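Asks: Questions regarding the structure given below will be posed in turn.
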There are 4 protein chains.
Amino acid sequence: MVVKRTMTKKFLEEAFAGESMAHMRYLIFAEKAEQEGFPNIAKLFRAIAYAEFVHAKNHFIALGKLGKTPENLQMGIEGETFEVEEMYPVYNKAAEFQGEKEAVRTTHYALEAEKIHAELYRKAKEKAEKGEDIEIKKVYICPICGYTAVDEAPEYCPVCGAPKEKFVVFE
Amino acid sequence: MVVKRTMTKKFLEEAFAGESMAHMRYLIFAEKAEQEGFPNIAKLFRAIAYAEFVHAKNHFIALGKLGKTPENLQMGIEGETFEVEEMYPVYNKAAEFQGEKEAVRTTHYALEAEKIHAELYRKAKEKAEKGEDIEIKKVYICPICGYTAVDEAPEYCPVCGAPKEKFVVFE
Amino acid sequence: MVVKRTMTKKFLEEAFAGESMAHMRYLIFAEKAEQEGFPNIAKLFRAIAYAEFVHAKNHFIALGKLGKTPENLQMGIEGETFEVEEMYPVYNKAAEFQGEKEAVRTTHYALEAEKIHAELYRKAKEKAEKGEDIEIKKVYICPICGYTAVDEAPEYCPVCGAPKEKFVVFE
Amino acid sequence: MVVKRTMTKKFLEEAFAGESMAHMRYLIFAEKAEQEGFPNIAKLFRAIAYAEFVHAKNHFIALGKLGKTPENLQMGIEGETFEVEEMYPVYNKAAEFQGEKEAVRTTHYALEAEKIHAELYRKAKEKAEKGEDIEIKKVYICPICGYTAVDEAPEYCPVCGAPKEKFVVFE
Ligand SMILES: [Fe+3]
Ligand SMILES: [Fe+3]
Ligand SMILES: [Fe+3]
Ligand SMILES: [Fe+3]
Ligand SMILES: [Fe+3]
Ligand SMILES: [Fe+3]
Ligand SMILES: [Fe+3]
Ligand SMILES: [Fe+3]
Ligand SMILES: [Fe+3]
Ligand SMILES: [Fe+3]
């Protein structure tokens, strides 16, 4: 059963946030580990990242935030709406005011790529509240700007300008 | 250049935290979607999670926290030590005092399964600054509690008693 | 009109928190300043603390949480209930587990003296929704572990045992 | 002895923040209460606010953040520098971007009056490390924009435009 007392709820939320941070950091370290002359350290990094994922999933289930697929899609829709309507524009404008190139560039990349996720989730929710699965194949993702390309893949990136060969395929 | 202003650094740290949380949530959503008759929505969730990973990696690179393997290995060691020694016993004590079965069980699993990551990382560091690669193969991870079993794997999980075949191998 | 946007609401809440912390810090600084040989620096600290109070009051008015007293007492009642019931026992248990004399002593002084505020506020609210002011006089307070003594004053503080002459009277 | 373990430090810092918030809220409620037909409610509000101040002071001393006046003034100097350089300009620009009148007005009042506090603290500090007290009298504070006037007080407020009769005297 979901926890009700406030303090244990706060503690579990903080634990989930920490475990997610740890898993993401380990994933980031693994890429550089495999990019250097130590191919077998990325194995350990990915295994322990999976362990942190398991811990975070256990914490998430403990709070009882998981339901059916339509509710998960609704939560994703709300999260995506908050990430490209309120947070990122303000962060980009603050970074412009303070005058630093890297933060402005990163938020520029992240600001223009999040507008599609909400549409995809809404389509999935409209097609999932009845008993049927959507049709999709060979989703392309950029490794430099995170740009969701569905089915067809543009020859060059309309955000950074990377060639189509550089993309990663999820099928 | 690395971000030196305080407000932009705080903004980017919060954005990194949000992206990591979103990526973890999307991975959990995909895991749930595989369990129902929607194999394609799991693909969509995985692709969007990889996009969130790219966003968070760009945010992490902007802050300049990434370097060579010894430094991020030491960072992982510090994080694991902090997680095992201080936070988890306190959370377990608080959950025991308030009296939630789920929080106590999850914290018990976490504090009993997280003890080996620090030792593994500590050993690995003193070989990744001289120039060689670690000799570890075929790592095992439990899918319920998450206990890193290196090379050989026990017949049953000492923490939860899961069968051997349930283990997720990495090689 | 009240502030409706989420991001700027969060910004104003954080600013209010910072102003309150600064005002508390200045009020604490003034007491030590007057304890030494500088009676004018205490005056400067008091004036600057009042300026911070004005800032925080403006921030509070902007967010729109201040209104008529009959409904205003409810926020204080809820805050006192949360402080006495949930937050403080957990902190006391954690400080006992980690083993710090100062934290345990401070929490023990805290939870045992915060119990009367909720009762006083409930009585004030249920006597003050008809247009009449409550009949109360000479509220006493201990200067070490403040225990809200109403009207009459005990000879010694039941919590710390301080003499009666040290009580700070309000009239 | 100062608290050294991390979790107790976090808990005590959160408690201090909560107590400061409670004190400020109670002060504002008292000021509203005395503005209407109930005079004696403000007495109770101010008494319990003093109790919250005592609790916050105990928590602050527990973390051992208090020293002599020379070093005490440094914390105020740094706080004012951060408040007037980083936080308020960014908050004002964000409020301008989102387009709300109240937040822009409050931040405009706040950012134009905090520049003199750092100078006052520095002037007090240079005279404090030698062993003597500064000379100051009749400090005026505006009650609708927080504006520190030293000795002489202008006829009209150069920020809001209030007459010099409305000010409050801190002697
Ligand atoms: Fe963990
Ligand atoms: Fe996103
Ligand atoms: Fe791209
Ligand atoms: Fe297990
Ligand atoms: Fe301020
Ligand atoms: Fe209280
Ligand atoms: Fe007492
Ligand atoms: Fe209180
Ligand atoms: Fe200030
Ligand atoms: Fe003014």
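Just remember, in the structure tokens the first chain shown is A, the second B, etc., residues are 1-based per chain, and ligands are 1-based in the order shown.
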Can I get the residues close to ligand 9 as a list in words, where close means within 10 Å and we count only C-alpha atoms and all ligand atoms?
Replies: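 I would give the residues around ligand 9 as residues 18, 19, 22, 23, 26, 48, 49, 50, 51, 52, 53 and 55 of chain C; 76, 77, 79, 80, 81, 82, 83, 84, 110, 111, 113, 114, 115, 116, 117, 118 and 146 of chain D.
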Asks: Within 12 Å of chain B, which residues of chain C come that close, and what is the closest atom pair and distance in Å for each? Count only C-alpha atoms and give it as JSON lines.
Replies:
```
{"residue": "C:11", "atom": "CA", "partner": "B:11", "partner_atom": "CA", "distance": 11.8}
{"residue": "C:85", "atom": "CA", "partner": "B:98", "partner_atom": "CA", "distance": 11.4}
{"residue": "C:86", "atom": "CA", "partner": "B:98", "partner_atom": "CA", "distance": 9.2}
{"residue": "C:87", "atom": "CA", "partner": "B:94", "partner_atom": "CA", "distance": 10.8}
{"residue": "C:88", "atom": "CA", "partner": "B:94", "partner_atom": "CA", "distance": 11.5}
{"residue": "C:89", "atom": "CA", "partner": "B:97", "partner_atom": "CA", "distance": 9.1}
{"residue": "C:90", "atom": "CA", "partner": "B:94", "partner_atom": "CA", "distance": 6.2}
{"residue": "C:91", "atom": "CA", "partner": "B:94", "partner_atom": "CA", "distance": 8.6}
{"residue": "C:92", "atom": "CA", "partner": "B:94", "partner_atom": "CA", "distance": 10.0}
{"residue": "C:93", "atom": "CA", "partner": "B:94", "partner_atom": "CA", "distance": 7.2}
{"residue": "C:94", "atom": "CA", "partner": "B:90", "partner_atom": "CA", "distance": 6.2}
{"residue": "C:95", "atom": "CA", "partner": "B:90", "partner_atom": "CA", "distance": 9.2}
{"residue": "C:96", "atom": "CA", "partner": "B:93", "partner_atom": "CA", "distance": 10.3}
{"residue": "C:97", "atom": "CA", "partner": "B:90", "partner_atom": "CA", "distance": 7.6}
{"residue": "C:98", "atom": "CA", "partner": "B:90", "partner_atom": "CA", "distance": 8.0}
{"residue": "C:99", "atom": "CA", "partner": "B:90", "partner_atom": "CA", "distance": 11.7}
```
Asks: Based on the backbone DSSP call, show me all residues of chain C assigned strand (DSSP E), as a PyMOL selection string.
Replies: chain C and resi 139-141+168-170
Asks: Create the file for the chosen residues now, containing C-alpha atoms and written as a PDB file, in the first residue's frame.
Replies:
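Output contents, as saved in selection.pdb:
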```pdb
ATOM      1  CA  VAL C 139       1.495  35.839  28.098  1.00  0.00           C
ATOM      2  CA  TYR C 140       4.817  34.601  29.492  1.00  0.00           C
ATOM      3  CA  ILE C 141       7.684  32.936  27.626  1.00  0.00           C
ATOM      4  CA  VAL C 168      10.009  37.573  28.909  1.00  0.00           C
ATOM      5  CA  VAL C 169       6.586  39.126  29.494  1.00  0.00           C
ATOM      6  CA  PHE C 170       4.246  40.311  26.719  1.00  0.00           C
TER       7      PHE C 170
END
```
Asks: Please, which residues have at least one atom within 10 Å of an atom of ligand 3, using only C-alpha atoms and all ligand atoms, listed as a PyMOL selection string?
Replies: chain A and resi 109+113+140-149+156-164+166-167
Asks: Keeping N, CA, C and O atoms for every residue in the selection just given, could you write it to a file as a short mmCIF file (atom, residue, chain, number, x, y, z; two decimals), in the first residue's frame?
Replies:
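The resulting file, result_26.cif, is reproduced below:
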```
data_model
loop_
_atom_site.label_atom_id
_atom_site.label_comp_id
_atom_site.auth_asym_id
_atom_site.auth_seq_id
_atom_site.Cartn_x
_atom_site.Cartn_y
_atom_site.Cartn_z
N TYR A 109 19.40 23.54 -27.58
CA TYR A 109 19.20 22.19 -28.08
C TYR A 109 18.01 21.52 -27.41
O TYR A 109 17.17 20.90 -28.08
N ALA A 113 13.51 20.43 -29.04
CA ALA A 113 13.29 19.01 -29.30
C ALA A 113 12.19 18.39 -28.44
O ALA A 113 11.79 17.26 -28.70
N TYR A 140 14.36 7.02 -34.92
CA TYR A 140 15.72 7.54 -34.91
C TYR A 140 15.88 8.59 -33.82
O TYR A 140 15.00 9.43 -33.63
N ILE A 141 17.00 8.54 -33.12
CA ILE A 141 17.34 9.50 -32.07
C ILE A 141 18.72 10.06 -32.35
O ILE A 141 19.63 9.32 -32.74
N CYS A 142 18.88 11.37 -32.19
CA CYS A 142 20.19 11.96 -32.35
C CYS A 142 21.06 11.68 -31.13
O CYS A 142 20.54 11.61 -30.01
N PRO A 143 22.40 11.60 -31.31
CA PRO A 143 23.32 11.45 -30.18
C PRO A 143 24.01 12.78 -29.86
O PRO A 143 25.06 12.74 -29.19
N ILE A 144 23.47 13.91 -30.33
CA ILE A 144 24.12 15.24 -30.11
C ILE A 144 23.08 16.28 -29.68
O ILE A 144 23.47 17.30 -29.11
N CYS A 145 21.79 16.03 -29.94
CA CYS A 145 20.76 17.05 -29.65
C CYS A 145 19.47 16.40 -29.15
O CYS A 145 18.51 17.14 -28.91
N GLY A 146 19.45 15.08 -29.04
CA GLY A 146 18.23 14.37 -28.63
C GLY A 146 17.05 14.78 -29.48
O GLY A 146 16.20 15.52 -28.96
N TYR A 147 16.94 14.29 -30.72
CA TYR A 147 15.84 14.79 -31.55
C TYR A 147 15.07 13.59 -32.07
O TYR A 147 15.61 12.79 -32.84
N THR A 148 13.82 13.46 -31.65
CA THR A 148 13.03 12.27 -31.95
C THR A 148 12.56 12.33 -33.40
O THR A 148 11.72 13.16 -33.77
N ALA A 149 13.10 11.44 -34.23
CA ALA A 149 12.67 11.28 -35.61
C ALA A 149 11.84 10.00 -35.71
O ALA A 149 12.31 8.93 -35.32
N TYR A 156 19.88 15.26 -43.02
CA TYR A 156 20.71 16.04 -42.11
C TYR A 156 19.87 16.54 -40.95
O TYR A 156 18.65 16.69 -41.07
N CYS A 157 20.52 16.78 -39.82
CA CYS A 157 19.81 17.17 -38.62
C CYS A 157 19.31 18.61 -38.74
O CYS A 157 20.10 19.52 -39.00
N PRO A 158 18.01 18.85 -38.55
CA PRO A 158 17.51 20.23 -38.58
C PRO A 158 17.80 21.02 -37.31
O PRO A 158 17.22 22.10 -37.13
N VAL A 159 18.65 20.51 -36.42
CA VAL A 159 18.99 21.18 -35.17
C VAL A 159 20.49 21.44 -35.06
O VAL A 159 20.92 22.58 -34.85
N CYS A 160 21.30 20.39 -35.20
CA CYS A 160 22.75 20.53 -35.17
C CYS A 160 23.40 20.41 -36.54
O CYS A 160 24.45 21.03 -36.76
N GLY A 161 22.81 19.66 -37.45
CA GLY A 161 23.39 19.45 -38.76
C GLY A 161 24.16 18.17 -38.93
O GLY A 161 25.00 18.09 -39.84
N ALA A 162 23.93 17.16 -38.09
CA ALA A 162 24.64 15.90 -38.22
C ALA A 162 24.04 15.06 -39.35
O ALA A 162 22.84 15.15 -39.63
N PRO A 163 24.85 14.25 -40.01
CA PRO A 163 24.33 13.40 -41.08
C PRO A 163 23.42 12.30 -40.55
O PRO A 163 23.41 11.98 -39.36
N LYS A 164 22.65 11.72 -41.47
CA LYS A 164 21.69 10.69 -41.10
C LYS A 164 22.38 9.42 -40.60
O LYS A 164 21.79 8.66 -39.82
N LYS A 166 24.73 9.12 -38.51
CA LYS A 166 25.16 9.21 -37.12
C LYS A 166 24.06 8.85 -36.13
O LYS A 166 24.36 8.52 -34.98
N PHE A 167 22.80 8.85 -36.57
CA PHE A 167 21.66 8.62 -35.68
C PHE A 167 21.74 7.23 -35.05
O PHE A 167 22.54 6.37 -35.44
#
```
Asks: Name all residues at most 8 Å from residue 56 in chain C (count only C-alpha atoms; drop same-chain ones fewer than 6 positions away) and give them as a PyMOL selection string.
Replies: (chain C and resi 15-16+19-20) or (chain D and resi 24)
Asks: Would you mind exporting the chosen residues as a PDB file, in the first residue's frame, restricted to C-alpha atoms?
Replies:
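As written to disk, part_10.pdb reads:
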```
ATOM      1  CA  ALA C  15      12.862  34.497  -2.169  1.00  0.00           C
ATOM      2  CA  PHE C  16      10.467  34.552   0.792  1.00  0.00           C
ATOM      3  CA  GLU C  19      14.328  36.712   3.368  1.00  0.00           C
ATOM      4  CA  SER C  20      12.972  34.892   6.427  1.00  0.00           C
TER       5      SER C  20
ATOM      6  CA  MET D  24       7.734  35.542   9.650  1.00  0.00           C
TER       7      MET D  24
END
```
